[PDB]
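For the sequence shown, the entry's author numbering gives the first residue as 701, with consecutive numbering after it. Where a beta carbon is used, it is the ideal one built from N, C-alpha and C, also for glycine. Read through the structure below, which is laid out as structure tokens, and then see the notes.
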Amino acid sequence: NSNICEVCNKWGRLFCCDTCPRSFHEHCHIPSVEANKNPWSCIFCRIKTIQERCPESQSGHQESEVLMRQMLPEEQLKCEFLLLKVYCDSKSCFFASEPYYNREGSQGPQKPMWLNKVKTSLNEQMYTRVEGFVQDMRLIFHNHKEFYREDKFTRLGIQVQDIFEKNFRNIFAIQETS
Ligand SMILES: [Zn+2]
Ligand SMILES: [Zn+2]
Ligand SMILES: [Zn+2]
Numbered sequence: 701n702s703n704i705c706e707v708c709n710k711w712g713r714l715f716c717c718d719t720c721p722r723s724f725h726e727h728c729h730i731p732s733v734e735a736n737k738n739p740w741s742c743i744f745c746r747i748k749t750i751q752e753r754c755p756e757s758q759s760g761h762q763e764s765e766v767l768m769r770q771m772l773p774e775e776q777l778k779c780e781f782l783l784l785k786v787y788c789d790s791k792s793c794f795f796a797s798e799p800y801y802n803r804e805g806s807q808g809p810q811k812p813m814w815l816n817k818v819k820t821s822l823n824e825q826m827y828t829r830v831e832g833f834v835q836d837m838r839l840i841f842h843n844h845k846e847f848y849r850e851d852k853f854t855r856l857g858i859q860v861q862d863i864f865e866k867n868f869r870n871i872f873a874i875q876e877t878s
């Protein structure tokens, strides 16, 4: 197994996947690494199994159809994995914890949102459709763009949104377009 966490790239108290060489901090994995379970398979491995069981699941889909899907166990898992792929980028730090807004010439968003809030919402099964999770994720970056205006810091929102959107298209097998 790797000697650094797959998500934050640090050493520490690491749990090792039994079916792949990745390792995780307990609360870096999503869901948090399960108490017992021998063997244990990481989210990467669990997603790869879904694909392998249903190869046709990789054919292209329309985003509108994916969004309306109910959050059954496979869709729950896919959203957890997509959230984890965002935390994998170091720039996610800016969006992880609860923000506050006090900048001359700007007003804070009406509905603040942040990664750890989405993480709790998934854990608590608060989303009934994929659409709920995707709307909160996109809200994080939209709030950031609106608040930071012409400050160059706006670009951090564009960057992490791009990581979200690429991973969304991969994980949910969105039909490729020009
Ligand atoms: Zn970690
Ligand atoms: Zn694994
Ligand atoms: Zn199948």
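Inset, instruction - Identify whether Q762 lies in helix, strand or coil by the three-state DSSP scheme. - result: As a working note, residue 762 is residue 62 in the sequence shown. DSSP places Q762 in coil when its eight states are reduced to three.
Inset, instruction - Confirm, please, whether the CB-CB distance from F872 to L783 is below 9 Å. - result: Stepping through the sequence shown from its first residue, residue 783 is reached at position 83. Stepping through the sequence shown from its first residue, residue 872 is reached at position 172. No; because the gap between Cβ atoms is not below 9 Å, this pair is not in contact.
Inset, instruction - Using 8 Å as the cut-off, classify the Cβ of residue 647 as near or not near the heavy atoms of ligand 1, replying yes or no. - result: Missing from the structure shown is residue 647; the chain here goes from 701 to 878 and no further.
Inset, instruction - Round the Cβ separation of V834 and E775 to the nearest angstrom and send it over; I've been treating them as touching at under 8 Å. - result: Residue mapping note: residue 834 aligns to position 134 of the sequence shown, counting from 1. Residue mapping note: residue 775 aligns to position 75 of the sequence shown, counting from 1. That pair is no contact at about 11 Å.
Legend entry - With 16 other Cβ atoms within 10 Å as the buried cut-off, status of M813: Within the sequence shown, residue 813 is the residue found at index 113, counting from 1. Looking at its Cβ environment, which holds 16 or more other Cβ atoms inside 10 Å, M813 is buried.
Inset, instruction - Rounded to whole angstroms, what's the CA-CA distance from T719 to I750? Just pull it up for me. - result: Along the sequence shown, read from residue 1 onward, the residue named residue 719 stands at position 19. Along the sequence shown, read from residue 1 onward, the residue named residue 750 stands at position 50. Taking C-alpha positions only, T719 is separated from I750 by approximately 15 Å.
Inset, instruction - Can you grab the Cα-Cα spacing for the pair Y827 / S821, in whole Å? - result: Indexing the sequence shown from 1 puts residue 827 at position 127. Indexing the sequence shown from 1 puts residue 821 at position 121. Each residue's Cα considered, the two are about 7 Å apart.
Inset, instruction - Check each candidate in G805, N736 and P731 and name the one with the smallest Cα separation from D851. - result: Here residue 851 corresponds to residue number 151 of the sequence shown, with the count starting at 1. Nearest C-alpha to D851: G805.
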